[PDB]
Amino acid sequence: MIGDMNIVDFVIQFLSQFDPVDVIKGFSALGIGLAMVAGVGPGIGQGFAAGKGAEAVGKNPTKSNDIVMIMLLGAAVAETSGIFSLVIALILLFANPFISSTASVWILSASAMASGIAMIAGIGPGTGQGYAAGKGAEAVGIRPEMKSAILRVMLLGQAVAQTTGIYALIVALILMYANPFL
């Protein structure tokens, strides 16, 4: 307890003294940093693809073009979760839909932060899709005549792996542009 007010009432009073927009901006900054945590995923996954690509080229150097092609295509797919988070952060930085709002400061602030929190889901697809890229590169190095079939199955599976990244992006966009709480 802080003096007499419980810590919750203390924190609310503390936050209450500021113009609402400053509070909203502050929580946006947090939302912004949190969104970027998604970048862990493509880093792990694309690095895996890099390793499998290096291994495959070592085994079959005359096929480096096909190996590298699928490594890069698959890695491009893995990048999307990272791009999405970057977009959300950039929106919260430079086109913030909460700051110029009439509604409750608590709701706008929480929503700003919540938008970034949701984007953390992007770790999953980035990691998984990058793993898939590396296996694609590996398989193509072993059997380049199957590169088309390997690419398609890799892309199908990568698409399935994307959905929870999309669900999260959808929740953030709802908080930002179709908020039921306002």
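Heads up: residue numbers just count along the shown sequence, starting at 1.
- Where do the C-alpha atoms have the higher mean temperature factor in this entry, in 96-104 or in 68-76? Averaging CA B-factors over each stretch, the winner is 96-104.
- Per the PDB record, is the mean Cα temperature factor higher over 46-54 or over 137-145? Higher of the two, by average CA B-factor, is 137-145.
- C-alpha B factor of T62, ranked within the chain: lowest, middle or highest third? Highest third of the chain for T62's C-alpha B-factor.
- Third of the chain's Cα B-factor distribution that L15 belongs to, per the entry: Top third by C-alpha B-factor.
- Message: Sorting by Cα B-factor within the chain, modelled residues only, which third would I166 end up in: lowest, middle or highest?
- Response: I166: CA B-factor falls in the middle third of its chain.
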